[PDB]
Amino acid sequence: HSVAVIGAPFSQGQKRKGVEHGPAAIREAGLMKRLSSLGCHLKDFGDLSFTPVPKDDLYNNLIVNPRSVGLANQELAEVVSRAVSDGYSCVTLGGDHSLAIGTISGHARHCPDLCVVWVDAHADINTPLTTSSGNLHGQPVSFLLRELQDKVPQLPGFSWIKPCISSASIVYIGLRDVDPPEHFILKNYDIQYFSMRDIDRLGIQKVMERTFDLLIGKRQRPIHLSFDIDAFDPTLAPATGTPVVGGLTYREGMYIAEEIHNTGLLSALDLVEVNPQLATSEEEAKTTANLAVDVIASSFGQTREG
């Protein structure tokens, strides 16, 4: 099996410095050797250098770096599309979660029936009209869902984007910090999610069983796993931009990834929002990067029983 690794050192989906160093931190934590050890044939695309945009002024005096985020995601989408074309499962290292616009667009280009597992403390589904931060890393899903497009105005640099996913084709796992307009969107478009509360009730084994019944119970589909490291409790993943108490345990995160691998359908994976600069110690930065590597490795077959 063949896996392409793409560093996407992007930070302009939000305002905190340092998430552009996530890809190097994850690499420094041993990613490539771990993937090789599993039998993965590897193509390293390196870290992309995204084309800047001069005078990328706020959109509507709120939305930050719109043209830079639109253009970086267009370029990323091109690399993901071509790698998925050439037979690779695509691992994209971030970088902030606005990059999911690019990886899911590029993925869907060649696999239009793909489904999405979004593992995250946050829903990332604000629109340009509901965001209260202006940060695109909290809006990427709104640009991707067919059913929402009449409520998403067109941003400078975003005209290449055509939503390719139905709201029935994404499931969230781990929600615990949702804005009211996001909650409204989830309920109003009947988007399925398992919050931390649902995990407390069902247990992660049932959560995964129901996730796959919703997504692939009728038919096999390529799976896009978009994993925000802040889905994990901050005690485990402290080096990240928007930590929220009461997250996944280590064991729960491994279990999610093991179940992803067990479908045999994993086609692309994002590992986003590792920001080593927000660690208060080198150890905090390395434990976060090591946890990122554990997620990716388990998603491609690393087991706890050997």
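Throughout, rigid core stands for the largest set of C-alpha atoms superposing within 1.5 Å between the two forms. One-based numbering along the sequence shown.
- Remark: when the other structures in 8 other deposited structures of this protein are fitted onto this one via the rigid core, 57-65 deviates more than the alternative among 252-260 and 57-65, judged by RMS CA distance.
- The segment moving more, judged by mean Cα distance from this form in 8 other deposited structures of this protein after a core overlay, is 47-55 among 242-250 and 47-55.
- Across the two stretches, 203-211 and 154-162, the PDB entry reports the greater mean Cα temperature factor for 154-162.
- Higher average CA B factor: 213-221, of the stretches 213-221 and 171-179.
- As recorded in the PDB entry, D44 shows the highest C-alpha B-factor of the residues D270, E273, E252, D44.
- Between the residues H110, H97, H122, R197, the entry's highest C-alpha temperature factor is the one at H110.
- Sort the modelled residues of the chain by CA B factor and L31 lands in the middle third.
- In this PDB entry, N65 carries a Cα temperature factor that places it within the middle third of its chain's modelled residues.
- Ranked against the other modelled residues of its chain, the C-alpha B-factor of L236 as given in the entry falls in the lowest third.
- In this PDB entry, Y193 carries a Cα temperature factor that places it within the highest third of its chain's modelled residues.
- Among the modelled residues of the chain, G138 sits in the middle third by CA temperature factor in this PDB entry.
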